[PDB]
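Chemist:
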Ligand SMILES: CC(C)(C)OC[C@@H](NS(=O)(=O)Cc1ccccc1)C(=O)NCC(=O)NCc1ccc(C(=N)N)cc1
Ligand SMILES: [Ca+2]
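Numbering (the deposited numbering), first residue to last: 16 to 34, 37 to 67, 69 to 125, 127 to 130, 132 to 184, 184A, 185 to 188, 188A, 189 to 204, 209 to 217, 219 to 221, 221A, 222 to 245.
(1) Of all the options 38, 115, 132, which has the alpha carbon lying nearest to the alpha carbon of residue 201?
(2) Between the stretch 84-95 and the stretch 39-47, are three or more C-beta pairs nearer than 8 Å?
(3) Given 7 Å as the limit, tell me if residue 65 has its C-beta closer than that to any heavy atom belonging to ligand 2.
(4) Quick one: what does DSSP say residue 229 is sitting in, helix, strand or coil?
(5) Expressed to the nearest angstrom, what Euclidean distance is found between the alpha-carbon atoms of residue 23 and residue 74?
(6) Within the continuous beta strand (DSSP E) that includes residue 54, where are the two ends?
(7) Using only the heavy atoms of ligand 2, determine whether one of them is closer than 7 Å to the beta carbon of residue 77.
(8) Using only the alpha-carbon positions, how far apart do residue 241 and residue 158 sit?
(9) Taking only runs of the alpha helix (DSSP H) that begin and end inside the stretch 81-121, which ones reach a length of at least 4 residues, in chain order?
(10) Could you please give the first and the last residue of the uninterrupted alpha helix (DSSP H) stretch that includes residue 212?
(11) How would you write the range of the alpha helix (DSSP H) that residue 132 sits in, first residue to last?
(12) Could you tell me the alpha carbon to alpha carbon distance between residue 238 and residue 59, rounded to whole angstroms?
(13) Is residue 196 near residue 67, with beta carbons less than 8 Å apart?
(14) What's the C-alpha gap between residue 187 and residue 236?
(15) Classify residue 175: buried if its beta carbon has 16 or more other beta carbons within 10 angstroms, exposed otherwise.
(16) Since residue 238 is in the alpha helix (DSSP H), which residue starts that stretch and which ends it?
(17) What do you reckon, is the C-beta of residue 194 under 7 Å from a heavy atom of ligand 1?
(18) Should residue 179 and residue 100 be called a contact, given that it needs their Cβ atoms to be closer than 8 Å?
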């Protein structure tokens, strides 16, 4: 997260870190057994880490749980990142508490201008690299597709939205991949892609979660 702030320990209790020897992606706890992340975060040997603040120190509120199944969306396109969403089933149920909590899925999509909270342990610099050990947060509005497309020249599919600031300075970044965009208490976005970080006219692009709720529900019912 570039141009954000230190969240405070366990203030984003649905935020998970995916670990394969090191933190490599975020994710969001959606019930005691399931995490939503980005399809581009898929790999074998994922351990889900819940209740994290400092990812390098055991502070006492963590739960580390192996993935039993990973399910990349059937239509994920790794060339364009269309349908950039994956479900991870935990080997055992998380013990839900004030620091390890689920976030609700949307009933309806969010409109342009809606303010959201984006979080993660990704790079905090627009130029060069520094990786924070504690969770960082950013407030950002959803942008209209038309303003986003005209400013950036990006192709925005129906399954993507832009959020952030066209003036630059505030954005998600590498290492925030898979993490939540929460708006009015609903998981509306997943950190997906962009061009650099926090650059003028290059806002962040997010998987449009509301389009996937039927898939998520059916998948959970059958797995
Ligand atoms: C067109 C597509 C195949 C999707 O790839 C575009 C690619 N853009 S990039 O400019 O390579 C992403 C990047 C940004 C900073 C350092 C290194 C890489 C990209 O974003 N690749 C995936 C990726 O790196 N995702 C992480 C990410 C998270 C947030 C942001 C952001 N909001 N600015 C950008 C990339
Ligand atoms: Ca920790």
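The beta carbon of each residue, even a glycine, is placed where N, CA and C say it ideally should be.
Modeler: From the atom records:
(1) 132
(2) Flag = no, the stretch 84-95 and the stretch 39-47 do not touch.
(3) no
(4) strand
(5) 16 Å
(6) 51-54
(7) yes
(8) Going from the Cα of residue 241 to the Cα of residue 158 covers about 31 Å.
(9) none
(10) Looking at the DSSP string, residue 212 is not in any alpha helix (DSSP H); the run it does join, the beta strand (DSSP E), is 204-215.
(11) In the DSSP assignment, residue 132 falls outside any alpha helix (DSSP H) and carries neither an H nor an E.
(12) 17 Å
(13) Their beta carbons are not under 8 Å apart, which means residue 196 does not touch residue 67 by this criterion.
(14) 35 Å
(15) exposed
(16) 235-244
(17) yes
(18) yes
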